[PDB]
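Just the heavy atoms: all of them, side chains too, but no hydrogens, waters or symmetry mates, feed the values below. Residue numbering restarts at 1 for every chain, and letters A, B, ... go by the order of the sequence lines.
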Amino acid sequence: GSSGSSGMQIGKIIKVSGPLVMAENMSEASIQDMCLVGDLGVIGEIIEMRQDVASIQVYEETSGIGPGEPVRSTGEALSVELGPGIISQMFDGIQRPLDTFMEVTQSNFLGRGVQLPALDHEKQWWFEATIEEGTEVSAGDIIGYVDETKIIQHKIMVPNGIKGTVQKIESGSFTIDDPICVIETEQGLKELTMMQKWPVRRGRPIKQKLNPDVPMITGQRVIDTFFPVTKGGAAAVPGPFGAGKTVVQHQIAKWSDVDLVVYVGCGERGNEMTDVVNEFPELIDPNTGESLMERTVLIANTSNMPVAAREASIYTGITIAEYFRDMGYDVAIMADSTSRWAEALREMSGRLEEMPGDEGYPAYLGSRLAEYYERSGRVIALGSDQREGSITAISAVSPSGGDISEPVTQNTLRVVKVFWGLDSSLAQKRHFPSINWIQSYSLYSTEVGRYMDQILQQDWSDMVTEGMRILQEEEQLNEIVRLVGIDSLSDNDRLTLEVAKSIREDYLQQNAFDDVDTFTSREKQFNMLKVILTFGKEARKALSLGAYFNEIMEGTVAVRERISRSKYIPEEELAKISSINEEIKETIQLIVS
Amino acid sequence: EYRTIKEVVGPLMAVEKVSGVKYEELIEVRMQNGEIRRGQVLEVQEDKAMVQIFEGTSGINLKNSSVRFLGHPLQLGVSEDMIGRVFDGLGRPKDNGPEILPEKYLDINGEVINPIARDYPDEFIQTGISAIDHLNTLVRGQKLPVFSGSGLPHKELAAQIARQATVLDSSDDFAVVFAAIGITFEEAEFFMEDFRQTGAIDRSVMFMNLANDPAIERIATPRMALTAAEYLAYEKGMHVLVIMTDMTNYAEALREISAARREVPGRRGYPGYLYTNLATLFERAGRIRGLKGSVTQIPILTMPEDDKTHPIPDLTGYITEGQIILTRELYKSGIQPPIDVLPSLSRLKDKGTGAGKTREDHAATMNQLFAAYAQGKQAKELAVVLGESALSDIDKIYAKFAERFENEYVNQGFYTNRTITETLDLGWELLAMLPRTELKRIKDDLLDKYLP
Amino acid sequence: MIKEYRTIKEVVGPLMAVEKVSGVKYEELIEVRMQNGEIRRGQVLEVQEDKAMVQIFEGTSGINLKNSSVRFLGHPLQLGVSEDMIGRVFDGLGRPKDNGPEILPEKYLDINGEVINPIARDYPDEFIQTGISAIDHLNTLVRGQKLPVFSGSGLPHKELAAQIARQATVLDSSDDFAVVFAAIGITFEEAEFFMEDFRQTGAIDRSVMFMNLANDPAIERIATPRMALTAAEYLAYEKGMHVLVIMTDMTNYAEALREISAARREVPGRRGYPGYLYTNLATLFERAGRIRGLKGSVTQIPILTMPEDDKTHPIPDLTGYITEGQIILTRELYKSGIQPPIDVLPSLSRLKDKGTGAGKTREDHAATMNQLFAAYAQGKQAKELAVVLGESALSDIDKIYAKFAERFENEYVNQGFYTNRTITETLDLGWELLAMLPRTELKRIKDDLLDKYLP
Ligand SMILES: [Cl-]
């Protein structure tokens with residue numbers, strides 16, 4: 001000790017270079033440990049250790065900090081608090097509650113060195129004990145639940161590392177700090193609360209991964225039909241600026257059939273986070289009467305917030321997703337944008353004076369991205385229940401100039417099976433969503449095709465294949481029109497263009513801000529595509545029976561206009577869509593006569 | 001005060017035997033000849049501080065020079081008396097005006113608005129420019145840039161918006177903050193003379209940074225401007241419009257400073273943190289829940305080689321909420337301003353249009369005018385490649401529409417202010433060219449009421 | 001006596017420095033005993049004076065320097081081999097992953113192996129019928145060859161690799177292949193595709209698997225293919241088996257090499273890849289072939305994705321200078337529905353001459369292969385011209401070639417991932433396509449073959 005007494009080890013700052021701080025006398029601290037840096041006590045993480053000198057990645061601004069100031073390690077890795085009080089909250093990158101942040105500091109602006117618990121440790125929750133005393137338990141087992149919202153049960157699980165028999169447990173009103181259960185372990189008696197901590201850089205353990213083979217219903221026609229993602233799948237959304245990336249991801253958040261959405265604003269616009277908190281509570285489910293905000297967790301670290309905290313926000317989010325996955329839920333995790341996460345890594349790599357890899361990004365960029373996406377997936381969770389859960393990852397990428405050959409997009413496409421390439425020329429043409437249907441792909445299409453054929457008892461996969469064949473042929477025909485002019489094409493090729501045109505603007509094009517067009521059910525999608533394809537089929541036969549292309553178009557003005565309105569037909573009047581098929585058959589046969 | 005300068009290597013200087021020195025702390029070098037230069041701590045290690053001097057290290061004798069550590073980062077002394085005054089890049093008076101007495105001094109980096117405290121951009125700002133107010137509406141709290149090029153009249157457009165911009169039904173609470181970045185003396189003189197001649201100076205604060213000013217001063221300039229804007233907006237309750245040009249000179253200065261520190265260059269040689277750096281400027285725009293006032297930004301930039309994928313317009317577009325595009329094709333046609341509405345966009349325009357803000361027919365006519373103009377331009381290009389006989393009778397009408405749209409609507413002159421009412425009425429005149437049956441984006445209630 | 005020091009000096013990413021050591025050797029296997037009792041293996045990259053620099057396969061997350069120890073095992077990294085490895089699944093470091101028994105090893109082998117004496121080598125010339133025409137005829141695989149698949153993200157290289165392993169056989173023999181499969185940084189779903197195929201066909205009972213997935217530590221990937229090849233050469237040269245080695249994705253191996261090279265601040269080569277990338281890849285791919293007097297063999301099918309689909313990238317470029325040809329998949333053929341989407345023009349086999357012809361395949365093999373290549377290159381050129389300048393812009397003969405190249409892609413190359421063609425079926429089909437061309441155009445084939453086979 002010193003001067004007659006002794007306490008804990010106190011590091012001393014010896015260097016400050018932006019978000020990188022070096023501190024000596026840190027021998028008791030471990031790699032990945034969280035520490036409080038400087039007089040202000042800003043949140044930092046130990047990433048390297050040379051003798052007793054720690055290299056620290058700081059998640060707040062370091063302006064105004066210098067050598068000689070103290071550093072205090074917490075002895076624990078970067079972690080999240082996991083318990084009741086987490087749903088419907090807006091956190092920053094390191095899981096600090098932003099509304100509470102504002103109330104405590106009494107400021108509209110972000111200060112530094114503010115220590116806040118992630119959850120409300122004073123709030124009373126009703127714990128409903130569901131397990132019996134004398135029961136042998138291990139990690140993942142449910143001991144009880146909390147109705148955190150009217151729909152979502154917050155299942156209280158035995159934490160990883162705990163194993164034994166339940167000694168005492170009873171229902172009642174507790175905070176997340178009160179002991180609700182006593183476990184008799186081999187290492188003695190351990191008491192559990194409703195909250196557990198978990199290090200964000202370590203994926204939460206599972207029994208085993210499963211094939212993600214059930215398609216997600218986003219209600220977005222271009223996605224569900226041609227480039228579908230499955231529950232437990234991963235999808236990259238790389239696009240240039242101004243291509244509608246935020247509208248697309250918001251559509252998926254509000255309409256997808258998942259139990260919970262984790263939305264991560266990583267290095268992007270503050271107004272888009274403001275849009276979410278304003279809009280999500282207003283989006284009310286007709287069935288349950290719950291808002292989208294009542295099943296959403298928001299993590300925000302905007303472009304002008306601390307750069308290192310961009311990386312933090314990514315791991316904070318996926319770890320919360322894994323937590324709810326472990327309960328047996330289907331979770332969507334939206335990362336917008338993963339490009340800004342990579343930029344953070346590049347900034348720190350420079351401060352550390354590392355050898356740059358592709359485009360100045362560190363050499364471990366690829367493996368970091370791979371490790372992140374491998375944490376998504378459908379799983380059997382731990383617990384005697386052997387319950388199933390999933391995490392579906394939707395990630396925006398922002399490649400400079402829209403050029404997807406850059407490292408972030410390329411390394412992502414190495415490990416994800418779905419690519420929704422956004423297009424600037426489509427966005428200018430008011431074609432929304434701006435997904436390039438020629439460049440995009442989904443490696444789940446074949447498996448989803450089988451699932452759809454089975455659940456619909458229709459030849460859906462053949463219809464999807466035919467629809468894409470037509471679009472691909474359209475691209476070939478459009479090159480010819482560019483060179484010779486459209487008047488040089490045969491009647492058969494003129495028809496293909498019109499059918500492709502119908503697919504493009506009657507099906508692919510979808511208005512997110514139209515009350516009916518904003519969501520299209522699986523059943524409605526089938527009827528719409530069937531009708532579009534039927535017109536082409538009947539018109540094709542008309543041509544082979546001696547009818548001319550011009551005659552077919554002139555005599556089918558009314559029915560083609562009806563096909564183009566089918567997207568606005570209410571979900572309870574889908575008979576109005578299917579009946580178009582007969583009208584097509586009638587009018588065209590009349591034209592032949 | 002330390003007399004312990006140890007090393008000078010280029011614009012970089014190492015000072016030893018120091019204590020209590022912080023990252024980004026401002027320093028002051030008293031040269032052996034009494035000359036004073038300011039600097040900034042780039043890095044601090046044990047007893048050493050690495051500093052960069054704004055004006056350079058030429059002529060400095062190490063042993064006979066001293067360094068004072070000021071104990072604060074770069075700051076602006078703010079007051080409401082800044083209105084009508086002209087300052088340089090570092091906030092020093094440039095107009096030979098009276099003494100400026102600051103209410104307080106503010107870190108020019110400002111603070112980050114809590115995302116939960118942030119208020120979505122809302123309400124109309126009338127620029128007086130039809131192509132903007134109607135089709136690409138500027139909203140209070142929005143960042144809406146102008147993408148231009150060398151030889152294009154962005155400086156005339158900047159000065160026009162600066163003097164014409166206003167909020168309706170709200171008197172004596174609007175201000176313009178004008179930041180000139182790395183521009184020549186003569187273009188600075190253009191702006192100064194125009195503001196004074198029109199009287200725009202009386203509601204403006206001006207920060208004028210020149211091409212031959214230190215590169216560090218050039219990058220401090222927009223932060224001085226935005227610090228003044230936030231003070232006027234959030235502390236005085238004003239609606240403040242911030243116009244800054246040329247953002248391309250800003251990025252060049254940033255690259256020059258980056259190279260001096262021998263940092264690893266990113267795409268096209270610009271710093272790897274170019275996006276982040278631009279964001280720390282552009283995200284200062286917005287509104288705050290519970291506060292009167294707003295900061296709105298119009299960054300103006302020249303696209304190198306007219307290339308929109310160049311890092312400067314590209315990263316800007318990833319940050320801003322739309323963009324106003326000037327083109328040479330329209331400039332060569334004498335269209336003033338030469339705004340091309342086809343690639344131009346305002347993302348937040350919905351929050352500043354409609355009844356009570358502009359007029360009830362705003363959105364419908366905008367959708368229709370944009371759609372008709374795109375079809376008109378498409379028909380025009382068809383006549384070019386295949387001839388006039390390749391167009392139908394309707395295609396000919398749309399082609400003629402696109403001509404009058406450019407010649408009469410978009411083209412208004414650089415000294416002509418159109419009220420939103422005049423803009424909307426003029427839009428109905430052009431729409432009347434088309435058959436009523438072709439106005440499919442407008443419902444019958446609006447057609448019956450307004451269509452001339 | 002176990003050598004262990006509690007003197008860890010620094011921990012930086014995948015690298016660690018230990019001081020005050022003695023008797024430590026270059027490439028010696030180490031084990032880090034962490035403060036919580038966890039064990040992580042590593043490898044000595046450098047020794048000087050009383051210091052040692054080590055790379056940690058499982059990373060250094062959570063390590064406390066003061067309270068951890070480093071054990072030096074007195075030998076380099078080894079694999080405990082046994083024929084009991086057959087039908088077993090291991091991880092990237094050769095530890096059981098399938099909840100089955102621990103192997104009682106027959107012996108332990110340095111996973112670096114040894115170089116086969118060139119004079120001891122037997123030249124590979126035994127035709128392997130894959131059933132895939134684009135391979136069997138034009139890019140012939142022989143037993144003991146190393147013939148990789150060059151692909152890209154989103155392309156069906158796993159489908160092709162599985163089909164080859166499924167259908168491959170030599171003729172006039174009931175020899176089978178023991179399969180050694182190495183997963184290197186691939187995803188669960190990629191790995192599971194192979195596991196499911198191996199289980200359905202029952203090939204899993206003929207297989208040894210070493211699995212490093214995308215969630216597994218990256219530096220572990222440097223050891224994994226050496227593990228797999230040590231198992232392969234053991235089964236082949238000590239247990240007399242014919243071994244087929246499939247390793248994917250080799251790009252993930254090179255990326256791991258670059259991570260270590262960057263961490264060591266070594267002088268970088270192209271794209272940040274170390275100067276020794278060629279040599280390093282060669283130490284893997286040259287571990288294939290046959291040995292005089294020995295019954296077994298090692299055939300390699302490495303798989304790599306070309307970054308940005310760029311064949312001139314260091315990874316496929318250097319691999320191409322080492323391997324005995326390459327099979328290239330393209331996005332263009334894939335999008336046209338070609339299965340497998342093999343582009344035969346940039347593809348190659350360097351061992352096709354002595355593995356084909358009379359008494360091996362058929363006497364018309366080499367002639368038809370050359371004529372098909374020539375006709376396809378000319379036809380592909382004509383198609384591309386006609387699609388831009390019009391079908392009437394081609395000469396009368398080029399118009400024939402344009403149609404040939406189309407039928408060639410659609411009927412010859414495109415056969416399906418579950419279609420197994422005999423070499424005779426492949427050669428006869430080739431003749432049907434050559435019959436589209438005028439006999440005067442068939443200049444690569446002599447009159448004796450034309451008179452005999454040409455319809
Ligand atoms: Cl954007």
Side-chain angles (χ1 to χ4, degrees), chain A residues 27-33 47-53 55 77 199 201-203 208-212 233-234 352-358 362-364 366-371 373-375 377 404-407 410-417 419 438 441 443 469 472 476 480 483-484, chain C residues 8 10-14 17 34-35 59-68 152-154 156 185-190 192 196 213-219 221 249 251-252 255-256 258-266 268 271-273 305 307-310 336-337 387 389-390:
Chain A
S27 58
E28 290 183 5
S30 307
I31 300 301
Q32 312 281 70
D33 271 7
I47 56 181
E48 293 168 4
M49 180 86 49
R50 295 174 179 85
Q51 315 231 98
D52 69 293
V53 182
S55 300
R201 291 185 181 272
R202 188 164 80 212
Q208 64 188 83
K209 305 193 67 169
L210 299 169
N211 289 316
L352 294 164
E353 303 180 68
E354 291 181 342
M355 299 289 144
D358 310 314
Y364 44 83
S367 60
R368 292 293 179 84
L369 289 171
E371 284 167 17
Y373 287 108
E374 199 69 12
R375 291 174 69 170
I404 63 171
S405 69
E406 60 87 22
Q410 287 306 297
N411 283 318
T412 302
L413 291 179
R414 193 172 297 168
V415 296
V416 300
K417 290 176 61 175
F419 166 58
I438 297 291
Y441 63 82
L443 300 176
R469 186 199 60 77
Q472 285 177 353
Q476 298 170 353
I480 296 182
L483 302 175
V484 201
Chain C
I8 300 173
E10 65 188 20
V11 168
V12 188
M34 290 166 55
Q35 65 288 345
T60 54
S61 173
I63 297 191
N64 182 270
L65 278 67
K66 213 212 299 93
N67 296 324
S68 294
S153 305
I186 62 179
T187 64
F188 162 78
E189 286 189 75
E190 264 261 337
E192 188 65 17
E196 184 54 40
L213 306 187
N215 59 312
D216 292 326
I219 308 307
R221 291 159 199 179
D249 184 339
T251 297
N252 290 336
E255 304 277 45
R258 183 173 58 172
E259 280 193 27
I260 289 298
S261 179
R264 298 185 65 182
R265 317 300 159 95
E266 289 178 322
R271 208 78 68 102
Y273 292 93
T305 54
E308 310 172 60
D309 302 334
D310 183 16
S336 296
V387 79
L389 291 180

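- C/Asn252 touches chain A through its side chain: at least one heavy atom from C-beta onward sits under 4.5 Å away, while N, CA, C and O do not.
- Of the atoms belonging to A/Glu406, not a single heavy atom falls under 4.5 Å from chain C.
- The choice from A/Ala370, A/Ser367, A/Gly357, A/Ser27 that makes the most heavy-atom pairs within less than 4.5 Å of chain C is A/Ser27.
- Heavy atoms of C/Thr60 lying under 4.5 Å from chain A belong exclusively to its backbone.
- Only the backbone of A/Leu210 comes within less than 4.5 Å of a heavy atom in chain C; its side chain stays farther off.
- Counting heavy-atom pairs under 4.5 Å between each of A/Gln410, A/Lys209, A/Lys417, A/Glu28 and chain C puts A/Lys209 at the top.
- Within the 4.5 angstrom heavy-atom criterion, only side-chain atoms of C/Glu192, from C-beta onward, approach chain A.
- Note: A/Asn211 leads A/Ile404, A/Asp33, A/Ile47, A/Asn211 in heavy-atom pairs under 4.5 Å with chain C.
- At a threshold of 4.0 Å, the pair C/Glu255-A/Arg414 counts as salt-bridged, since one of the basic side-chain nitrogens sits closer than that to a carboxylate oxygen.
- Heavy atoms closer than 4.5 Å to chain C are found in the side chain of A/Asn411, but not in its backbone.
- Scanning both residues, C/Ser68 and C/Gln35, for their nearest heavy atoms gives OG-OE1, 3.1 Å.
- In terms of non-hydrogen atom pairs under 4.5 Å with chain C, the most contact-rich of A/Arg202, A/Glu353, A/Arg201 is A/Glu353.
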